[PDB]
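Engineer: Everything below, folded, please.
(chains A and B)
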Amino acid sequence: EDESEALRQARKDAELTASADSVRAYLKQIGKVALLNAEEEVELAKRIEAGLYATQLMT
DNA sequence: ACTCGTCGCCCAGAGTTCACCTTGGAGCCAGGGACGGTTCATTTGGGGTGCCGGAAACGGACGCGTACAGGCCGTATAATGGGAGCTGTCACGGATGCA
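Structural biologist: Residues are numbered from 1 along each chain as shown, chains lettered A, B, ... in the order given. The relevant structure is shown in the block below.
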């Protein structure tokens, strides 16, 4: 099943794998970040604008 | 009954060698021109030249436009984890991950 330590140990063991192929390793690394949407990207852009404005003020 | 073929013989000759006059020459020396290889005077027609006047080509300098070659920059519906590669070898000494 999904619970009672059935697949979590398998997932952890899979995550702890060499993956000697460089492209496969890069894909494994890139698969650890979830996708975003419109609200997330606009909030991130607002944060970018605030950070750039603060950096310009500091300079 | 007999000669023209063949024998010696006898004298003219002939051109041959010996040993005699002449006489056109080879050089032989002397003498005397004219002439040309040589030298020395002119002789002024011509070669020569240095040079800048200087006119003008020429070979380059110089300043300023033009042209592609290569480079930088930007495009605002959405577009969110990959193809692939063919692997019948044999031995083997040894490291190395898991026994």
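Engineer: And residue A:12, which helix or strand is it part of?
Structural biologist: helix A:8-15 (DSSP states H and E).
Engineer: repeat for residue A:35
Structural biologist: Applying DSSP H and E, one finds residue A:35 in no helix or strand.
Engineer: Now do the helices in chain A.
Structural biologist: Assigned by DSSP state H, chain A shows helices spanning A:8-15, A:22-30, A:38-58.
Engineer: Show me the one of these that comes nearest DNA strand B.
Structural biologist: helix A:22-30 (3.6 Å; CB to the nearest atom of the strand). Bear in mind the C-beta positions are built from the backbone N, C-alpha and C, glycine included.
Engineer: angle of the closest one against helix A:8-15?
Structural biologist: 130 degrees (axes from the mean of the first three to the mean of the last three CA atoms, to 10 degrees).
Engineer: ok, and for helix A:22-30, which residues are buried?
Structural biologist: Neighbour-count burial for helix A:22-30, counted by 16 or more other CB atoms under 10 Å, picks out no residue.
Engineer: Next to DNA strand B, which bits of chain A? Give me the list.
Structural biologist: A:21, A:23, A:24, A:27, A:30, A:31, A:35, A:36 (CB under 7 Å from any atom of the strand).
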